[PDB]
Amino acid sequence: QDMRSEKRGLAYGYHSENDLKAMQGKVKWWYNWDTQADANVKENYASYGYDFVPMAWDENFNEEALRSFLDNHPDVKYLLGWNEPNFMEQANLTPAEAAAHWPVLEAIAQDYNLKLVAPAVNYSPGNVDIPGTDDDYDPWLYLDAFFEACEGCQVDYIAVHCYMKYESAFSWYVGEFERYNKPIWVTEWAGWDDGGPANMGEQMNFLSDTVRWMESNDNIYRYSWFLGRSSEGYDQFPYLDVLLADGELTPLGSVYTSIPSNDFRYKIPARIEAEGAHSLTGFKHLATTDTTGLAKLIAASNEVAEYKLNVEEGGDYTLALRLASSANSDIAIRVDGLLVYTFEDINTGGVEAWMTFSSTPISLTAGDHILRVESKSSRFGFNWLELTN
């Protein structure tokens, strides 16, 4: 398949080569808050299609290690600036200070032909004084003061952190940063504040809502989920982990890496994870215990899933669905809006009893097509689909 997302990255510092291969061609870049790539992948990450974005975490970073790493990786194209300088417990730099030290990063960007990402901000506890305001917590008041102190400074991108749990809050809050007229990097996000996700499925729904919004926002240059693996583990609140055992994904990690960009098109024959729909009405996410697929979509009613196909060899394909359904369930299949097959009285006897149901052949001409999977007032689980010729 083509590269699944050009924007999608990951925040994690302990990749193995097997971890990078598990996500290959579904994750484009990553960063680790440090000046060089993870030790076990430093030599080979570029061969799996990734680019690594180094970071100057605060003003006292190790410039020698960063310049030395850059010397041997001319594939590096971007440099992240200070990390949460408006937080006391992080980089702890008032706007003037962060601009004062910015030439160190420009000199680096000049020597290696790099682009510079602004210091990452978020609503802060307010303990780094911004001049001329009492609202020291304010990420926009911080960046304004930064930019006014940084006259003539090379700043190519904005970096944003966000831990809101509501996808509409998230899109409103990240959109506020489009005011600066620069592409945006959401370099840390997950649903976490105000109680966060009630369960793993809530986090997967929130990841899906916000990933889909960012893939459709042209002003978002890049995003990276927080984070590859957590100290607490993937089934502990707030269910952050994208990677499970070496070289394998969590259910959430399957949703994260499967969601396609606007222009990506699936080639066939292929198996396509259900969580890789270009478009979801109503469908929700859960872990599955099926032997493959990691995550399922769940239907209670009339939910719709659409899959955008680049059919290179027109002809008749059989469509297979991997389903679970306690009772009788009906599923309509459409191509560019017109019914072609209906799965009737699907019944596996349990919500985690899985079977593969095949259709009669469906004619799929060469070109661009929307494959639509509609629940027909049915209650079932949907792991992946397969088209074969």
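Numbers for residues come from their place in the sequence shown, where the first is 1.
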When the C-alpha temperature factors are averaged for each of 309-317 and 288-296, which stretch ends up with the higher value in the entry? 309-317
Would 27-35 or 318-326 have the larger average of its C-alpha temperature factors, as given in the entry? 318-326
Most elevated Cα B-factor in the entry, residues 211, 204, 143, 105: 105
Using the entry's values, work out which of 175, 126, 183, 197 has the largest Cα B factor. 126
Select lowest, middle or highest to describe the third in which the CA B-factor of residue 22 falls within its chain in this entry. middle
So where's residue 165 on the chain's Cα temperature factor ranking, which third? lowest
Of the three thirds of Cα B-factor ranks in this chain, residue 81 occupies the middle
Going by what the PDB entry lists, where does residue 9 fall on CA B-factor within its chain: lowest, middle or highest third? lowest
Entry-reported C-alpha B-factor of residue 99 relative to its chain, by third, is highest
